[PDB]
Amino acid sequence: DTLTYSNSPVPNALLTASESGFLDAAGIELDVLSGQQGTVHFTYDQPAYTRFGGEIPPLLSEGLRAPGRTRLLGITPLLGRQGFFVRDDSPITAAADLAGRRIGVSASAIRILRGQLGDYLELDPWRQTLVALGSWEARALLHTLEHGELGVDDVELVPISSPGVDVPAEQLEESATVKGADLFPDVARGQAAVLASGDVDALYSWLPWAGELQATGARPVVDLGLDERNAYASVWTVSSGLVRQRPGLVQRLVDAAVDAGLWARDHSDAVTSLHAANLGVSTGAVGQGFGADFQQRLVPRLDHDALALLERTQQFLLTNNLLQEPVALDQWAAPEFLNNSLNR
């Protein structure tokens, strides 16, 4: 059987199972989305498509645009190096030092931080979701400033390009695939240039990109990776029709991912290498961006704690008017598959 697929720059068992041969052994092959069919990463408009990535796009698709296209198979938390970075030689060493300083943020984050979404509800799926992705910077800045007893009104917001948030349709369509290596090349080099421009004092970085940025000689004012309130819930989705029409196939898919997750615990280097190649980053940056022993936490989850994390992100979207009505997570989830896999 052949399924189309994609994954965000996050640790996940779908990519692991595919590159390690577990899917092949299960008689399943995956074809990554080309740049020309890349919008599916945000719309889920395909009959046999599966994605393991950030939760914002699927929450918007299910809760705002097209209820019913997907089912949730599992969750894998994400937490690692994260925060507003400054150059090592910067006199800024504490959160309080950000008072009155120039914070570089995406146009999307600026809409959210100002509480002025503009034409948000009238935008097409791709551009609309990109506005919501400004949430990462927005929440991170609020939490960072809290440490210095400051608020957003205490700093200067300056527009800059942020990876994953600023992705023009032309850029997407020109990319060979939606793999991080093709869509997000040399991110840290670009962020280091922004910090060297003389027009900004700090900017948001995370994922392996933050690891490479740190290597250029930069540091986070506050490492948000040290506090769980900055974690996100990566989600694994699949076309709803496959769940209803081909449960046997979905079960084989989930079994393979679970086996790959167990296997990963004893093959840390191989797992680090395959994620690094998929995203186009150094192997050392993977560990910094996802956490030292992320390979021990790759078996997908649907327990109460994992669902609460996903709900937390959803609430940030609702509070900030990026969603009007919430997605019923218990209905969206199809726990039977993961439950059967873990009972083997």
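A residue's number is simply how far along the shown sequence it sits, counting from 1.
Between the stretches 87-95 and 152-160, it is 87-95 that shows the larger average CA temperature factor.
Comparing 182-190 with 230-238, the higher mean C-alpha B-factor in the PDB entry belongs to 182-190. The maximum CA B-factor among the listed residues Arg111, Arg71, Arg246, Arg101, taken from the PDB record, is found at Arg246.
Within the group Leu329, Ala13, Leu323, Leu23, the record's highest C-alpha temperature factor is found at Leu23. When the modelled residues of the chain are ordered by C-alpha B-factor, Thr4 sits in the middle third.
For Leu59, the recorded CA temperature factor ranks within the lowest third of the chain's modelled residues. Among all modelled residues in this chain, the alpha-carbon of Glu173 has a temperature factor (C-alpha) in the highest third.
When all modelled residues of the chain are sorted by CA temperature factor, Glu311 is found within the lowest third.
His304: CA B factor lies in the highest third for its chain, per the PDB record.
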